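In the block that follows, a single chain appears as structure tokens, in the form deposited without its partner chain.
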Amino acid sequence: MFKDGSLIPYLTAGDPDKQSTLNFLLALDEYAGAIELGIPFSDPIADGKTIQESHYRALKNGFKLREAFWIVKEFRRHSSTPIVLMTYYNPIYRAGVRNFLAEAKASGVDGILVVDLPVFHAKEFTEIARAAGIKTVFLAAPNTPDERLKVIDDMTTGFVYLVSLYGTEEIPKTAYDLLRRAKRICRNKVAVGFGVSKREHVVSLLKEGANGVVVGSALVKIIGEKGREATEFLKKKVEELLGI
């Protein structure tokens, strides 16, 4: 879904508020090959501590599911950068999958990543996304075996998202292994979310085959520190990571 060598910013919708998220996206768009917008959830047990806390902030501040579409829609008035909505299944499942994706497509979403999509629903789900014109993005962690990476790749229409809960401040060997195994199996492009925080991480991961590199923790951490005034620091952080 994105150019090779892309830096993909990740932000939690509504952290600290929807208008700020929009401000952050617009300020970072010029450096993004694509964007992951996360829907805050009460139990983000698959995320790192930094991102989990941003989910809590957004929910405390009063975030509401559809405020995510407002953010995407408004962003779309100024940009066409690919957008991937990241979310836990619960919210989607409870609101009605079919209506959610149609609405997602309507507001401008290009792809969707369901962090904990139940295998039992995978097939039907991908079929529903395709009919809605929404590309699928599947997640794989270091404990994901080759056999599954292949099954994941064949279902993927957007891009395979490789992650590492290990955190760092260096990218763990287990994370490099996942990337190395995935590039040997996936036909789809792969994006990596290994908790980058230093310019050499970006240079290193792209060099090892990552089609794209997500930057979430580093940006969210700044948002938890600066709140609504995080904007400028977000831009500096991204420039540091791009060597510019």
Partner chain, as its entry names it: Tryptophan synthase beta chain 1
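Positions refer to the first chain, counted from 1.
**Q** Unmodelled deposited residues between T168 and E169: none, 1 to 3, 4 to 9, or 10 or more?
**A** In the record, 4 to 9 residues between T168 and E169 lack coordinates.
**Q** Please compare 22-30 with 206-214 and say which has the higher mean C-alpha temperature factor in the record.
**A** Result: 22-30.
**Q** Check the entry's C-alpha temperature factors for 127-135 and 81-89, then say which stretch has the higher mean.
**A** The stretch with the larger average C-alpha B-factor is 127-135.
**Q** Checking the entry, which one of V109, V119, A140, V114 has the top C-alpha B factor?
**A** Answer for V109, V119, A140, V114: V119, with the highest C-alpha B-factor.
**Q** Just to confirm, going by the entry's C-alpha B-factors, which of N188, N61, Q52, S197 comes out highest?
**A** Comparing C-alpha B-factors across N188, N61, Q52, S197, the maximum falls on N61.
**Q** Please rank the C-alpha B-factors of the chain's modelled residues and tell me whether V160 sits in the lowest, middle or highest third.
**A** Answer is lowest: the recorded C-alpha B-factor places it there.
**Q** C-alpha B factor of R66, ranked within the chain: lowest, middle or highest third?
**A** For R66, whose C-alpha B-factor we compare with every modelled residue in the chain, the answer is the highest third.
**Q** Quick one: classify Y176 as lowest, middle or highest third of the chain based on its Cα B-factor.
**A** Lowest third of the chain for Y176's C-alpha B-factor.
**Q** Comparing against every modelled residue in the chain, figure out the third that the C-alpha B-factor of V151 lands in (lowest, middle or highest).
**A** According to the entry, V151 has a C-alpha B-factor in the chain's lowest third.
Form deposited with its partner chain bound: not shown, discussed below.
**Q** All three of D15, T21 and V72 touching its partner chain in the bound PDB entry at 4.5 Å, heavy atom to heavy atom?
**A** Zero of three within 4.5 Å in the bound PDB entry.
**Q** Tell me which stretch of 191-199, 29-37, 64-72, 208-216 has a heavy atom within 4.5 angstroms of its partner chain in the bound PDB entry.
**A** In the other structure, the partner sits against 64-72.
**Q** Although the partner isn't part of this model, could you tell me whether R94 comes within 4.5 Å of its partner chain in the bound PDB entry, counting any heavy atom of the residue?
**A** Close contact exists here: in the bound PDB entry, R94 approaches its partner chain to within 4.5 Å, heavy atoms only.
**Q** Residue-level question: is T157 within 4.5 Å of its partner chain in the bound PDB entry, judged on heavy atoms?
**A** Result no; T157 lies far from its partner chain in the bound PDB entry.
**Q** Give a yes or no for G133: in the bound PDB entry, does one of its heavy atoms lie within 4.5 Å of a heavy atom belonging to its partner chain?
**A** Contact check for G133: no, nothing within 4.5 Å of its partner chain in the bound PDB entry.
**Q** Quick one: does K49 come within 4.5 Å of its partner chain in the bound PDB entry, counting heavy atoms only?
**A** Answer yes; at least one heavy atom of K49 falls within 4.5 Å of its partner chain in the bound PDB entry.
**Q** By the heavy atom within 4.5 Å rule, which residue out of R148, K173, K123, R98 makes contact with its partner chain in the bound PDB entry?
**A** Checked against the cut-off, the match is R148.
**Q** Considering its partner chain in the bound PDB entry, which of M86, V109, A129, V163 comes within 4.5 Å of it through any heavy atom?
**A** Going through each option in turn, the one that passes is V163.
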